[PDB]
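**Student:** Input file: protein38.txt. Contents: compact mmCIF, N, CA and C atoms and all ligand atoms.
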```txt
# COMPACT_ATOMS: atom_id res chain seq x y z
N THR A 1 65.58 -51.25 8.32
CA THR A 1 64.97 -52.53 7.95
C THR A 1 63.83 -52.88 8.89
N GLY A 2 63.61 -52.04 9.90
CA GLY A 2 62.59 -52.31 10.90
C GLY A 2 61.21 -52.14 10.33
N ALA A 3 60.22 -52.67 11.04
CA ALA A 3 58.85 -52.60 10.56
C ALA A 3 58.32 -51.17 10.47
N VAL A 4 58.76 -50.30 11.38
CA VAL A 4 58.22 -48.93 11.35
C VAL A 4 58.68 -48.16 10.12
N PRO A 5 60.00 -48.10 9.86
CA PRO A 5 60.36 -47.39 8.63
C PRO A 5 59.76 -48.04 7.39
N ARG A 6 59.61 -49.36 7.40
CA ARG A 6 58.97 -50.00 6.25
C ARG A 6 57.52 -49.57 6.10
N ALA A 7 56.77 -49.53 7.21
CA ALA A 7 55.39 -49.08 7.16
C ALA A 7 55.30 -47.64 6.67
N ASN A 8 56.26 -46.81 7.09
CA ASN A 8 56.26 -45.42 6.62
C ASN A 8 56.49 -45.31 5.12
N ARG A 9 57.34 -46.19 4.59
CA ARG A 9 57.59 -46.27 3.15
C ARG A 9 56.31 -46.71 2.42
N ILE A 10 55.56 -47.64 3.01
CA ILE A 10 54.28 -48.04 2.42
C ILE A 10 53.36 -46.82 2.31
N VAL A 11 53.22 -46.08 3.40
CA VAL A 11 52.38 -44.89 3.38
C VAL A 11 52.88 -43.90 2.34
N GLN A 12 54.19 -43.65 2.31
CA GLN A 12 54.79 -42.77 1.31
C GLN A 12 54.44 -43.19 -0.11
N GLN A 13 54.62 -44.48 -0.38
CA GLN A 13 54.34 -45.00 -1.71
C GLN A 13 52.86 -44.93 -2.06
N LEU A 14 51.99 -45.16 -1.08
CA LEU A 14 50.54 -45.00 -1.32
C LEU A 14 50.19 -43.56 -1.70
N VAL A 15 50.73 -42.60 -0.96
CA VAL A 15 50.50 -41.20 -1.30
C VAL A 15 51.00 -40.90 -2.72
N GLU A 16 52.21 -41.37 -3.03
CA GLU A 16 52.79 -41.19 -4.37
C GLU A 16 51.83 -41.73 -5.43
N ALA A 17 51.17 -42.84 -5.09
CA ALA A 17 50.27 -43.52 -6.02
C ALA A 17 48.88 -42.89 -6.06
N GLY A 18 48.66 -41.85 -5.26
CA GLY A 18 47.40 -41.11 -5.30
C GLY A 18 46.30 -41.64 -4.40
N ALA A 19 46.68 -42.52 -3.47
CA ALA A 19 45.75 -43.13 -2.53
C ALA A 19 45.12 -42.12 -1.58
N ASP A 20 43.89 -42.42 -1.17
CA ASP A 20 43.19 -41.69 -0.12
C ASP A 20 43.49 -42.49 1.15
N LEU A 21 44.32 -41.95 2.04
CA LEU A 21 44.76 -42.68 3.23
C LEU A 21 43.62 -43.02 4.19
N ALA A 22 42.60 -42.17 4.26
CA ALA A 22 41.42 -42.50 5.06
C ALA A 22 40.79 -43.78 4.53
N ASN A 23 40.72 -43.90 3.20
CA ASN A 23 40.14 -45.07 2.56
C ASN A 23 41.02 -46.30 2.74
N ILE A 24 42.32 -46.14 2.54
CA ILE A 24 43.23 -47.26 2.72
C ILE A 24 43.15 -47.75 4.17
N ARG A 25 43.06 -46.82 5.11
CA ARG A 25 42.95 -47.19 6.53
C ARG A 25 41.75 -48.12 6.77
N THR A 26 40.61 -47.75 6.22
CA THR A 26 39.39 -48.54 6.37
C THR A 26 39.54 -49.91 5.70
N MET A 27 40.02 -49.89 4.45
CA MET A 27 40.25 -51.10 3.67
C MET A 27 41.14 -52.07 4.43
N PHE A 28 42.26 -51.56 4.93
CA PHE A 28 43.28 -52.37 5.59
C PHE A 28 42.72 -52.98 6.86
N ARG A 29 41.93 -52.22 7.61
CA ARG A 29 41.25 -52.77 8.78
C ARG A 29 40.41 -53.98 8.39
N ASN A 30 39.64 -53.83 7.32
CA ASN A 30 38.81 -54.92 6.81
C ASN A 30 39.64 -56.09 6.29
N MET A 31 40.77 -55.79 5.68
CA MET A 31 41.69 -56.83 5.19
C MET A 31 42.16 -57.69 6.35
N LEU A 32 42.52 -57.05 7.45
CA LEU A 32 42.98 -57.78 8.62
C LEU A 32 41.88 -58.64 9.21
N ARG A 33 40.63 -58.24 8.95
CA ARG A 33 39.45 -58.98 9.37
C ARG A 33 39.13 -60.11 8.40
N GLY A 34 39.82 -60.12 7.27
CA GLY A 34 39.69 -61.19 6.29
C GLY A 34 38.99 -60.82 4.99
N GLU A 35 38.74 -59.54 4.77
CA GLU A 35 38.00 -59.10 3.58
C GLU A 35 38.93 -58.49 2.54
N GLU A 36 38.88 -59.01 1.31
CA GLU A 36 39.72 -58.47 0.23
C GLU A 36 39.60 -56.97 0.13
N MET A 37 40.72 -56.31 -0.15
CA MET A 37 40.69 -54.88 -0.43
C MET A 37 40.36 -54.62 -1.90
N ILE A 38 39.65 -53.53 -2.14
CA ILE A 38 39.34 -53.06 -3.48
C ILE A 38 40.32 -51.95 -3.84
N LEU A 39 41.39 -52.31 -4.53
CA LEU A 39 42.49 -51.37 -4.76
C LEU A 39 42.65 -51.00 -6.21
N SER A 40 43.17 -49.81 -6.46
CA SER A 40 43.58 -49.46 -7.82
C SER A 40 44.79 -50.32 -8.17
N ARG A 41 45.08 -50.46 -9.46
CA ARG A 41 46.27 -51.22 -9.84
C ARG A 41 47.51 -50.68 -9.13
N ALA A 42 47.64 -49.36 -9.06
CA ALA A 42 48.79 -48.72 -8.41
C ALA A 42 48.87 -49.01 -6.92
N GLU A 43 47.74 -48.94 -6.23
CA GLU A 43 47.66 -49.29 -4.81
C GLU A 43 47.96 -50.77 -4.56
N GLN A 44 47.40 -51.65 -5.38
CA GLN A 44 47.74 -53.08 -5.26
C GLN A 44 49.24 -53.29 -5.40
N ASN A 45 49.85 -52.65 -6.39
CA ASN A 45 51.29 -52.85 -6.58
C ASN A 45 52.12 -52.40 -5.37
N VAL A 46 51.70 -51.34 -4.69
CA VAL A 46 52.38 -50.97 -3.45
C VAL A 46 52.27 -52.07 -2.41
N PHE A 47 51.06 -52.57 -2.20
CA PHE A 47 50.86 -53.62 -1.22
C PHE A 47 51.67 -54.88 -1.56
N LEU A 48 51.72 -55.23 -2.84
CA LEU A 48 52.46 -56.43 -3.25
C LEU A 48 53.96 -56.31 -3.01
N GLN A 49 54.47 -55.08 -2.97
CA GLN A 49 55.90 -54.90 -2.71
C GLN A 49 56.24 -55.24 -1.27
N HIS A 50 55.23 -55.24 -0.40
CA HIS A 50 55.46 -55.38 1.04
C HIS A 50 54.76 -56.55 1.69
N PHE A 51 53.68 -57.01 1.07
CA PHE A 51 52.96 -58.19 1.54
C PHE A 51 52.82 -59.15 0.36
N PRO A 52 53.91 -59.84 0.00
CA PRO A 52 53.95 -60.59 -1.25
C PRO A 52 52.87 -61.67 -1.37
N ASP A 53 52.44 -62.24 -0.25
CA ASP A 53 51.52 -63.36 -0.27
C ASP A 53 50.07 -62.92 -0.12
N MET A 54 49.81 -61.63 -0.21
CA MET A 54 48.48 -61.10 0.15
C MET A 54 47.32 -61.70 -0.65
N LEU A 55 47.50 -61.85 -1.96
CA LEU A 55 46.37 -62.32 -2.77
C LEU A 55 45.88 -63.73 -2.44
N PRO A 56 46.79 -64.72 -2.39
CA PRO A 56 46.33 -66.06 -2.01
C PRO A 56 46.20 -66.26 -0.49
N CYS A 57 46.92 -65.47 0.32
CA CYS A 57 47.00 -65.80 1.74
C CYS A 57 46.49 -64.75 2.72
N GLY A 58 46.09 -63.58 2.23
CA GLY A 58 45.72 -62.52 3.15
C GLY A 58 46.91 -61.90 3.88
N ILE A 59 46.61 -61.11 4.90
CA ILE A 59 47.63 -60.46 5.70
C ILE A 59 47.39 -60.76 7.18
N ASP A 60 48.45 -61.10 7.90
CA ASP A 60 48.34 -61.54 9.29
C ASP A 60 48.36 -60.32 10.20
N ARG A 61 47.27 -60.08 10.92
CA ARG A 61 47.18 -58.88 11.74
C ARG A 61 48.25 -58.85 12.83
N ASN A 62 48.77 -60.02 13.19
CA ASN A 62 49.77 -60.11 14.24
C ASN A 62 51.20 -59.89 13.76
N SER A 63 51.39 -59.75 12.45
CA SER A 63 52.75 -59.55 11.96
C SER A 63 53.24 -58.16 12.32
N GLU A 64 54.54 -58.04 12.57
CA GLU A 64 55.11 -56.73 12.92
C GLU A 64 54.78 -55.67 11.88
N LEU A 65 54.84 -56.03 10.60
CA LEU A 65 54.60 -55.04 9.56
C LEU A 65 53.13 -54.63 9.52
N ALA A 66 52.22 -55.59 9.68
CA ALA A 66 50.81 -55.23 9.68
C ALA A 66 50.48 -54.31 10.84
N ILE A 67 51.07 -54.58 12.00
CA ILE A 67 50.85 -53.73 13.17
C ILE A 67 51.40 -52.34 12.89
N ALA A 68 52.63 -52.27 12.39
CA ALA A 68 53.25 -50.97 12.12
C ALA A 68 52.46 -50.19 11.08
N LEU A 69 51.93 -50.88 10.07
CA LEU A 69 51.16 -50.17 9.05
C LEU A 69 49.83 -49.66 9.60
N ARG A 70 49.15 -50.46 10.41
CA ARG A 70 47.91 -49.98 11.00
C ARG A 70 48.19 -48.74 11.85
N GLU A 71 49.28 -48.78 12.61
CA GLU A 71 49.65 -47.61 13.43
C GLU A 71 49.91 -46.40 12.56
N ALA A 72 50.65 -46.60 11.47
CA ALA A 72 51.01 -45.50 10.59
C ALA A 72 49.80 -44.89 9.88
N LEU A 73 48.90 -45.75 9.40
CA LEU A 73 47.69 -45.24 8.75
C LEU A 73 46.82 -44.48 9.72
N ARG A 74 46.72 -44.98 10.95
CA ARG A 74 45.90 -44.29 11.95
C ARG A 74 46.47 -42.91 12.29
N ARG A 75 47.78 -42.83 12.45
CA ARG A 75 48.41 -41.56 12.79
C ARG A 75 48.29 -40.58 11.63
N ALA A 76 48.49 -41.07 10.41
CA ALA A 76 48.36 -40.20 9.23
C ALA A 76 46.94 -39.70 9.03
N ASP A 77 45.96 -40.52 9.40
CA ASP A 77 44.55 -40.15 9.22
C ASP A 77 44.01 -39.34 10.40
N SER A 78 44.83 -39.15 11.42
CA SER A 78 44.39 -38.47 12.64
C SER A 78 44.92 -37.04 12.71
CL CL B 1 34.94 -50.09 11.58
CL CL B 2 51.39 -53.44 -13.11
CL CL B 3 52.73 -61.35 2.64
CL CL B 4 56.32 -60.79 12.14
```
Before we go any further, please render this structure as structure tokens.
**Tutor:**
Amino acid sequence: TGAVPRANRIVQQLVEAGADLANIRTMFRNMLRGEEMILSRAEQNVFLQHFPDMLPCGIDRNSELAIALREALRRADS
């Protein structure tokens, strides 16, 4: 139930959905900066499973899950 295994599940689900992780990494960085992500329907649905308030409220860079996801995307892209 920890943030790290949850972030890993996000990455897993993004790959399943056909996402380009390099692109998601860039998008997500910008999202944390306050810029909407341009996602496929499938990619949006993954994000909504884990960041339910994202559309009206954005994503908080200080949240444990956002931190874990940024870490996971960086490691996967490296
Ligand atoms: Cl940058
Ligand atoms: Cl749908
Ligand atoms: Cl949320
Ligand atoms: Cl938190």
**Student:** Using only C-alpha atoms and all ligand atoms, find the one residue out of A:22, A:38, A:76, A:3 that sits nearest to ligand CL 4 (chain B).
**Tutor:**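 Closest candidate: A:3.
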**Student:** Taking all atoms listed in the file into account, which residues are within 6.5 Å of ligand CL 3 (chain B), as a PyMOL selection string?
**Tutor:** chain A and resi 50-54+58-59
**Student:** Next, the residues of the selection above should be written as a short mmCIF file (atom, residue, chain, number, x, y, z; two decimals), in the coordinates of the input with N, CA and C atoms.
**Tutor:**
```
data_model
loop_
_atom_site.label_atom_id
_atom_site.label_comp_id
_atom_site.auth_asym_id
_atom_site.auth_seq_id
_atom_site.Cartn_x
_atom_site.Cartn_y
_atom_site.Cartn_z
N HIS A 50 55.23 -55.24 -0.40
CA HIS A 50 55.46 -55.38 1.04
C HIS A 50 54.76 -56.55 1.69
N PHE A 51 53.68 -57.01 1.07
CA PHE A 51 52.96 -58.19 1.54
C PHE A 51 52.82 -59.15 0.36
N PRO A 52 53.91 -59.84 0.00
CA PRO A 52 53.95 -60.59 -1.25
C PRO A 52 52.87 -61.67 -1.37
N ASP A 53 52.44 -62.24 -0.25
CA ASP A 53 51.52 -63.36 -0.27
C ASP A 53 50.07 -62.92 -0.12
N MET A 54 49.81 -61.63 -0.21
CA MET A 54 48.48 -61.10 0.15
C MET A 54 47.32 -61.70 -0.65
N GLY A 58 46.09 -63.58 2.23
CA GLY A 58 45.72 -62.52 3.15
C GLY A 58 46.91 -61.90 3.88
N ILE A 59 46.61 -61.11 4.90
CA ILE A 59 47.63 -60.46 5.70
C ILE A 59 47.39 -60.76 7.18
#
```
**Student:** Find the residues near ligand CL 1 (chain B). Use a cut-off of 12 Å, count only C-alpha atoms and all ligand atoms, and write them as a PyMOL selection string.
**Tutor:** chain A and resi 22-23+25-33
**Student:** Keeping N, CA and C atoms, export the residues of the selection given above as a PDB file, in the frame of the given file.
**Tutor:**
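File out.pdb, as written:
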```
ATOM      1  N   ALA A  22      42.600 -42.170   4.260  1.00  0.00           N
ATOM      2  CA  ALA A  22      41.420 -42.500   5.060  1.00  0.00           C
ATOM      3  C   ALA A  22      40.790 -43.780   4.530  1.00  0.00           C
ATOM      4  N   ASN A  23      40.720 -43.900   3.200  1.00  0.00           N
ATOM      5  CA  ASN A  23      40.140 -45.070   2.560  1.00  0.00           C
ATOM      6  C   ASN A  23      41.020 -46.300   2.740  1.00  0.00           C
ATOM      7  N   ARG A  25      43.060 -46.820   5.110  1.00  0.00           N
ATOM      8  CA  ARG A  25      42.950 -47.190   6.530  1.00  0.00           C
ATOM      9  C   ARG A  25      41.750 -48.120   6.770  1.00  0.00           C
ATOM     10  N   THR A  26      40.610 -47.750   6.220  1.00  0.00           N
ATOM     11  CA  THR A  26      39.390 -48.540   6.370  1.00  0.00           C
ATOM     12  C   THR A  26      39.540 -49.910   5.700  1.00  0.00           C
ATOM     13  N   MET A  27      40.020 -49.890   4.450  1.00  0.00           N
ATOM     14  CA  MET A  27      40.250 -51.100   3.670  1.00  0.00           C
ATOM     15  C   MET A  27      41.140 -52.070   4.430  1.00  0.00           C
ATOM     16  N   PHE A  28      42.260 -51.560   4.930  1.00  0.00           N
ATOM     17  CA  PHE A  28      43.280 -52.370   5.590  1.00  0.00           C
ATOM     18  C   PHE A  28      42.720 -52.980   6.860  1.00  0.00           C
ATOM     19  N   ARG A  29      41.930 -52.220   7.610  1.00  0.00           N
ATOM     20  CA  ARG A  29      41.250 -52.770   8.780  1.00  0.00           C
ATOM     21  C   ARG A  29      40.410 -53.980   8.390  1.00  0.00           C
ATOM     22  N   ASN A  30      39.640 -53.830   7.320  1.00  0.00           N
ATOM     23  CA  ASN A  30      38.810 -54.920   6.810  1.00  0.00           C
ATOM     24  C   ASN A  30      39.640 -56.090   6.290  1.00  0.00           C
ATOM     25  N   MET A  31      40.770 -55.790   5.680  1.00  0.00           N
ATOM     26  CA  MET A  31      41.690 -56.830   5.190  1.00  0.00           C
ATOM     27  C   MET A  31      42.160 -57.690   6.350  1.00  0.00           C
ATOM     28  N   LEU A  32      42.520 -57.050   7.450  1.00  0.00           N
ATOM     29  CA  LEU A  32      42.980 -57.780   8.620  1.00  0.00           C
ATOM     30  C   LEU A  32      41.880 -58.640   9.210  1.00  0.00           C
ATOM     31  N   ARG A  33      40.630 -58.240   8.950  1.00  0.00           N
ATOM     32  CA  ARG A  33      39.450 -58.980   9.370  1.00  0.00           C
ATOM     33  C   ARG A  33      39.130 -60.110   8.400  1.00  0.00           C
TER      34      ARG A  33
END
```
**Student:** As an exercise, work out the distance from atom N of residue 56 in chain A to atom C of residue 39 in chain A in Å and give it to one decimal place.
**Tutor:**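 Separation of atom N of residue 56 in chain A and atom C of residue 39 in chain A: 14.8 Å.
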**Student:** List every residue of chain A that has an atom at most 7 Å from any atom of ligand CL 2 (chain B), giving for each one its closest atom pair and the distance in Å to one decimal, counting all atoms listed in the file, sorted by chain and then by ascending residue number, as a tab-separated table.
**Tutor:**
```
residue	atom	partner	partner_atom	distance
A:41	C	B:CL2	CL	6.2
A:42	N	B:CL2	CL	6.9
A:45	CA	B:CL2	CL	6.6
```
**Student:** Keeping only N, CA and C atoms, write the selected residues to a file as a CSV table (one decimal), keeping the file's coordinate frame.
**Tutor:**
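In the end it all went to out35.csv:
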```csv
chain,number,residue,atom,x,y,z
A,41,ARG,N,45.1,-50.5,-9.5
A,41,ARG,CA,46.3,-51.2,-9.8
A,41,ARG,C,47.5,-50.7,-9.1
A,42,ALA,N,47.6,-49.4,-9.1
A,42,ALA,CA,48.8,-48.7,-8.4
A,42,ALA,C,48.9,-49.0,-6.9
A,45,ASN,N,49.8,-52.6,-6.4
A,45,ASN,CA,51.3,-52.8,-6.6
A,45,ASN,C,52.1,-52.4,-5.4
```
**Student:** Since fewer atoms than expected are present, regenerate N, CA, C and O atoms for range 21-44 of chain A and write them as a PDB file, keeping the file's coordinate frame.
**Tutor:**
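Heads up, here's the output in out_36.pdb:
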```pdb
ATOM      1  N   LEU A  21      44.320 -41.950   2.040  1.00  0.00           N
ATOM      2  CA  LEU A  21      44.760 -42.680   3.230  1.00  0.00           C
ATOM      3  C   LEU A  21      43.620 -43.020   4.190  1.00  0.00           C
ATOM      4  O   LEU A  21      43.683 -44.059   4.875  1.00  0.00           O
ATOM      5  N   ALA A  22      42.600 -42.170   4.260  1.00  0.00           N
ATOM      6  CA  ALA A  22      41.420 -42.500   5.060  1.00  0.00           C
ATOM      7  C   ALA A  22      40.790 -43.780   4.530  1.00  0.00           C
ATOM      8  O   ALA A  22      40.401 -44.660   5.298  1.00  0.00           O
ATOM      9  N   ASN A  23      40.720 -43.900   3.200  1.00  0.00           N
ATOM     10  CA  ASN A  23      40.140 -45.070   2.560  1.00  0.00           C
ATOM     11  C   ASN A  23      41.020 -46.300   2.740  1.00  0.00           C
ATOM     12  O   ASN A  23      40.522 -47.396   3.031  1.00  0.00           O
ATOM     13  N   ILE A  24      42.320 -46.140   2.540  1.00  0.00           N
ATOM     14  CA  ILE A  24      43.230 -47.260   2.720  1.00  0.00           C
ATOM     15  C   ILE A  24      43.150 -47.750   4.170  1.00  0.00           C
ATOM     16  O   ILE A  24      43.141 -48.949   4.424  1.00  0.00           O
ATOM     17  N   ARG A  25      43.060 -46.820   5.110  1.00  0.00           N
ATOM     18  CA  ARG A  25      42.950 -47.190   6.530  1.00  0.00           C
ATOM     19  C   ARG A  25      41.750 -48.120   6.770  1.00  0.00           C
ATOM     20  O   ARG A  25      41.872 -49.146   7.430  1.00  0.00           O
ATOM     21  N   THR A  26      40.610 -47.750   6.220  1.00  0.00           N
ATOM     22  CA  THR A  26      39.390 -48.540   6.370  1.00  0.00           C
ATOM     23  C   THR A  26      39.540 -49.910   5.700  1.00  0.00           C
ATOM     24  O   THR A  26      39.214 -50.940   6.283  1.00  0.00           O
ATOM     25  N   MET A  27      40.020 -49.890   4.450  1.00  0.00           N
ATOM     26  CA  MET A  27      40.250 -51.100   3.670  1.00  0.00           C
ATOM     27  C   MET A  27      41.140 -52.070   4.430  1.00  0.00           C
ATOM     28  O   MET A  27      40.828 -53.261   4.538  1.00  0.00           O
ATOM     29  N   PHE A  28      42.260 -51.560   4.930  1.00  0.00           N
ATOM     30  CA  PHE A  28      43.280 -52.370   5.590  1.00  0.00           C
ATOM     31  C   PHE A  28      42.720 -52.980   6.860  1.00  0.00           C
ATOM     32  O   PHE A  28      43.008 -54.132   7.165  1.00  0.00           O
ATOM     33  N   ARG A  29      41.930 -52.220   7.610  1.00  0.00           N
ATOM     34  CA  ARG A  29      41.250 -52.770   8.780  1.00  0.00           C
ATOM     35  C   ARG A  29      40.410 -53.980   8.390  1.00  0.00           C
ATOM     36  O   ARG A  29      40.462 -55.032   9.029  1.00  0.00           O
ATOM     37  N   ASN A  30      39.640 -53.830   7.320  1.00  0.00           N
ATOM     38  CA  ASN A  30      38.810 -54.920   6.810  1.00  0.00           C
ATOM     39  C   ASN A  30      39.640 -56.090   6.290  1.00  0.00           C
ATOM     40  O   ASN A  30      39.240 -57.252   6.446  1.00  0.00           O
ATOM     41  N   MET A  31      40.770 -55.790   5.680  1.00  0.00           N
ATOM     42  CA  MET A  31      41.690 -56.830   5.190  1.00  0.00           C
ATOM     43  C   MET A  31      42.160 -57.690   6.350  1.00  0.00           C
ATOM     44  O   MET A  31      42.172 -58.924   6.258  1.00  0.00           O
ATOM     45  N   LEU A  32      42.520 -57.050   7.450  1.00  0.00           N
ATOM     46  CA  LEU A  32      42.980 -57.780   8.620  1.00  0.00           C
ATOM     47  C   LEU A  32      41.880 -58.640   9.210  1.00  0.00           C
ATOM     48  O   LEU A  32      42.158 -59.626   9.885  1.00  0.00           O
ATOM     49  N   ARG A  33      40.630 -58.240   8.950  1.00  0.00           N
ATOM     50  CA  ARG A  33      39.450 -58.980   9.370  1.00  0.00           C
ATOM     51  C   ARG A  33      39.130 -60.110   8.400  1.00  0.00           C
ATOM     52  O   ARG A  33      38.252 -60.939   8.656  1.00  0.00           O
ATOM     53  N   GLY A  34      39.820 -60.120   7.270  1.00  0.00           N
ATOM     54  CA  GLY A  34      39.690 -61.190   6.290  1.00  0.00           C
ATOM     55  C   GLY A  34      38.990 -60.820   4.990  1.00  0.00           C
ATOM     56  O   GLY A  34      38.676 -61.709   4.188  1.00  0.00           O
ATOM     57  N   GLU A  35      38.740 -59.540   4.770  1.00  0.00           N
ATOM     58  CA  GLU A  35      38.000 -59.100   3.580  1.00  0.00           C
ATOM     59  C   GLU A  35      38.930 -58.490   2.540  1.00  0.00           C
ATOM     60  O   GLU A  35      39.686 -57.571   2.844  1.00  0.00           O
ATOM     61  N   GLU A  36      38.880 -59.010   1.310  1.00  0.00           N
ATOM     62  CA  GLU A  36      39.720 -58.470   0.230  1.00  0.00           C
ATOM     63  C   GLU A  36      39.600 -56.970   0.130  1.00  0.00           C
ATOM     64  O   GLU A  36      38.506 -56.412   0.277  1.00  0.00           O
ATOM     65  N   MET A  37      40.720 -56.310  -0.150  1.00  0.00           N
ATOM     66  CA  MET A  37      40.690 -54.880  -0.430  1.00  0.00           C
ATOM     67  C   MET A  37      40.360 -54.620  -1.900  1.00  0.00           C
ATOM     68  O   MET A  37      40.736 -55.393  -2.778  1.00  0.00           O
ATOM     69  N   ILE A  38      39.650 -53.530  -2.140  1.00  0.00           N
ATOM     70  CA  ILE A  38      39.340 -53.060  -3.480  1.00  0.00           C
ATOM     71  C   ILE A  38      40.320 -51.950  -3.840  1.00  0.00           C
ATOM     72  O   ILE A  38      40.117 -50.784  -3.477  1.00  0.00           O
ATOM     73  N   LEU A  39      41.390 -52.310  -4.530  1.00  0.00           N
ATOM     74  CA  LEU A  39      42.490 -51.370  -4.760  1.00  0.00           C
ATOM     75  C   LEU A  39      42.650 -51.000  -6.210  1.00  0.00           C
ATOM     76  O   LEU A  39      42.313 -51.798  -7.098  1.00  0.00           O
ATOM     77  N   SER A  40      43.170 -49.810  -6.460  1.00  0.00           N
ATOM     78  CA  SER A  40      43.580 -49.460  -7.820  1.00  0.00           C
ATOM     79  C   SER A  40      44.790 -50.320  -8.170  1.00  0.00           C
ATOM     80  O   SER A  40      45.443 -50.863  -7.282  1.00  0.00           O
ATOM     81  N   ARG A  41      45.080 -50.460  -9.460  1.00  0.00           N
ATOM     82  CA  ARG A  41      46.270 -51.220  -9.840  1.00  0.00           C
ATOM     83  C   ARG A  41      47.510 -50.680  -9.130  1.00  0.00           C
ATOM     84  O   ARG A  41      48.335 -51.453  -8.634  1.00  0.00           O
ATOM     85  N   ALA A  42      47.640 -49.360  -9.060  1.00  0.00           N
ATOM     86  CA  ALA A  42      48.790 -48.720  -8.410  1.00  0.00           C
ATOM     87  C   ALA A  42      48.870 -49.010  -6.920  1.00  0.00           C
ATOM     88  O   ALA A  42      49.963 -49.279  -6.394  1.00  0.00           O
ATOM     89  N   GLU A  43      47.740 -48.940  -6.230  1.00  0.00           N
ATOM     90  CA  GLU A  43      47.660 -49.290  -4.810  1.00  0.00           C
ATOM     91  C   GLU A  43      47.960 -50.770  -4.560  1.00  0.00           C
ATOM     92  O   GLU A  43      48.671 -51.100  -3.616  1.00  0.00           O
ATOM     93  N   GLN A  44      47.400 -51.650  -5.380  1.00  0.00           N
ATOM     94  CA  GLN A  44      47.740 -53.080  -5.260  1.00  0.00           C
ATOM     95  C   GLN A  44      49.240 -53.290  -5.400  1.00  0.00           C
ATOM     96  O   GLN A  44      49.847 -54.046  -4.632  1.00  0.00           O
TER      97      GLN A  44
END
```
